[PDB]
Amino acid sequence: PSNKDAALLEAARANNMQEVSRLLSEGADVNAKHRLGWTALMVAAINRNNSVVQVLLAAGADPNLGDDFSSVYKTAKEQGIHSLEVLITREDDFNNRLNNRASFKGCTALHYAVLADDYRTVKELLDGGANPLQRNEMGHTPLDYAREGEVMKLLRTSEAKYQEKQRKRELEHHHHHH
C-alpha cells in the first residue's frame, strides 16, 4: 500500500490518536489493507484501541470486511515468502498474543475485539454496524470466539436483536439512528 495507508495501519496499531486523524484528513484509505491482509480497523480492535475504532468508523470504515490473512504457514505459501517473515510481521504489525497455528481467514474487526475480550471495543463495533452473525472462513461467528463474561453476554443479546431486525426487514432504519 501507499505511504499514507502504511502509516495509518501503524498508527492504528500503536493507538496514536493524533496520527490516525491526521492521516485520514490527508487522504489515507479508511479501509487501508496491510500487504498480509488485515485492515486498520482489525488491528485497532485486536489491540483494544477503542478510540481508534471510534475514529475509523466515523470516517466511514466498513466494519464487516474480513481478514485476508489465514495462518502463518498458509499465508507464507500464498505469497511466496518464508514463514519467518510472515510470523514476525503478523506478531509485530498486528498482535503477538494469537495462536500462530490457527487460521484467521475472514475474521472481522468484531471477531478480533471478542478475542481481545474487550467490552468497550466490542460495544463500539456493534454500535457501529458490525454484523454479529457474519461467519469467518472456518464458519465461526464472533460469539463462537467469546469467553464467558461480559462480552459473551453482550453478544448473545446483540445477536437476538440483530436477527429480529433482519426478520422485520428494518436493519437500514436502525443503522441510520443513534
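Counting begins at 1, following the sequence as shown.
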item: Stretch with the greater mean C-alpha B-factor as recorded in the entry, comparing 103-111 against 69-77; value: 69-77
item: 136-144 set against 26-34, stretch whose average Cα temperature factor tops the other in the entry; value: 26-34
item: Residue 93 CA temperature factor, ranked by third within the chain; value: middle
item: Ranked against its chain, the third holding the CA B-factor of residue 19; value: highest
item: Lowest, middle or highest third - CA B-factor, residue 49; value: middle
item: Assigned third (lowest, middle, highest) for the C-alpha B factor of residue 156; value: middle
item: Entry-reported Cα temperature factor of residue 116, expressed as the chain third it lands in; value: middle
